[PDB]
Amino acid sequence: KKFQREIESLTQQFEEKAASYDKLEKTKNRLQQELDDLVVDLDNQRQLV
Amino acid sequence: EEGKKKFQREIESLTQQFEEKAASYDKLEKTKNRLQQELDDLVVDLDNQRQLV
């Protein structure tokens, strides 16, 4: 039981590290996509006018 | 002992389910952001060509 608990804790730490890295990359991509969408909307509207 | 082992197993199963859900949601968000960035790059090229014209 103690060995399984230690293995579960190690796996939880690894999954938390993976989730944190994925969340950081996703936040970076989200900021980039927001900036790109703003720029695209602005350029489209200006060119249309 | 045995009951503690079963409780730890249930807690580990719940944690694994939550981690799988979080990883799936993160992968979905990443795929959506990648598609959005591709569309944004295409739109940026199109807008550049349109502004040139």
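One line per chain: the protein sequences are A and M, in this order.
For the first sequence, counting from 1, position 47 maps to 1447 in the authors' numbering; every step adds exactly one.
For the second sequence, counting from 1, position 6 maps to 1402 in the authors' numbering; every step adds exactly one.
The C-beta atom is built at its ideal place from N, Cα and C for all residues, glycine as well.
- The three-state secondary structure of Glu1397(M), taken from DSSP, is coil.
- Taking the CA atoms as reference points, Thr1427(A) sits about 43 Å from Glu1397(M).
- Counting only the Cα atoms, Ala1418(A) lies some 12 Å from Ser1420(M).
- Remark: C-beta atoms of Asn1444(M) and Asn1429(A) do not approach each other more closely than 8 Å.
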